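Here's a solo chain for you in structure tokens, the form deposited in one PDB entry.
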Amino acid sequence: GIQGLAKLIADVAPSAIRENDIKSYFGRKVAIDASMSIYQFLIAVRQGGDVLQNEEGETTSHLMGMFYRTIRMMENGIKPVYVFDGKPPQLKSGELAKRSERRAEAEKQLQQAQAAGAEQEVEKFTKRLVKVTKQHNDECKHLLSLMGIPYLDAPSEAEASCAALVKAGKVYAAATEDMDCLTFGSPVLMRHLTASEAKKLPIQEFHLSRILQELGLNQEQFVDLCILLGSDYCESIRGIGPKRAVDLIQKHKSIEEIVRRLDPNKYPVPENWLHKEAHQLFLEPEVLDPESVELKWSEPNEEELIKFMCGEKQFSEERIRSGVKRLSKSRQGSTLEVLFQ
């Protein structure tokens, strides 16, 4: 993420944010940060503070969400491609260490909340310990294949590869909550795309070109702004928040120039600041080749889906079979069969 970027845009570039009704998206393709949505399901999809699971102890919360949400999207003629995170860049090592530190603390506090019986505390610390694993990813991929829904493995950060897919015109937008997708250059970011049958949060599109126009910046300058706001890849300058950062960038145009003009006593910069490395990472990230794989939405394998979800994962046969019928008919409505010439 980028610290306070969403709020900053709402305050200083409101026209970059557009809202449309879900009925307007029929036929559109979108790239989805899979690892992130699996995470959301593991955290939220609970009964008695416990994830859903089959009788043999295997978690099924993530399969539950991925199955049903994907179908609801397709019912609206929205065609998702799911993108999975790869190996993190070295620059992120610091941030990851911080996370593992927090996990170690959370593990202690979980234990003591248990010897204290504090059930609501236990639930909190258990949520803090939720972690998307390789098995979670492998099960979702397996499921998506059976559903006929495409997915890709990013070489590194999935947001970066989502952005690259939008730039190449392979999908219309990147659908994620992580704003660093814009820092990676995604022309369009959709937030709150769940296509939920219960409404709530309006669908928001962020348009990068509108953002750059409103702030009066090019993409290089925008990335420098984000670094100053605070990213995962390097430190920012203490004392410099969203307000002073926009002004410094609009005036000095670059962190390099900002540092030369800043008084080393009033606003000292981080020692051995890696802003240059991060800048390079946001602008030239390692990404999949968007011309490589042709995205297709295939017919769902109904019988194998039933064996997997019902036979193995113990989902209701009625709900699953009903889901597959809906998915199949909705695909038929929004997708053209392949043609040979």
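Numbering starts at 1 and follows the sequence shown. Throughout, rigid core stands for the largest set of C-alpha atoms superposing within 1.5 Å between the two forms.
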property: At least a third of the other entries leave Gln109 unmodelled; result: yes
property: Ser292 coordinate gap across at least a third of other entries; result: no
property: Higher-B stretch (mean Cα B-factor, as the entry records it), 115 to 123 or 189 to 197; result: 115 to 123
property: Given 145 to 153 and 177 to 185, the range whose Cα B-factors average higher in the PDB entry; result: 177 to 185
property: Residue of maximum C-alpha B factor among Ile227, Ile237, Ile78, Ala163, per deposited coordinates; result: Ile237
property: Maximum C-alpha temperature factor, selected from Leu63, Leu274, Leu42, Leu288; result: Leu274
property: Third of the chain's Cα B-factor distribution that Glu139 belongs to, per the entry; result: middle
property: Entry-reported Cα temperature factor of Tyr172, expressed as the chain third it lands in; result: lowest
property: Chain third (lowest, middle, highest) by recorded CA B-factor, residue given as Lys307; result: middle
property: Entry-reported Cα temperature factor of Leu295, expressed as the chain third it lands in; result: middle
property: Entry-reported Cα temperature factor of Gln47, expressed as the chain third it lands in; result: highest
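Same protein, other form: the form deposited in another entry, not shown, and the subject of what follows.
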query	finding
Position with Cα shift of 2 Å or more, rigid core superposed between this form and the one not shown, options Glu312, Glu284, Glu277, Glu299	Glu312
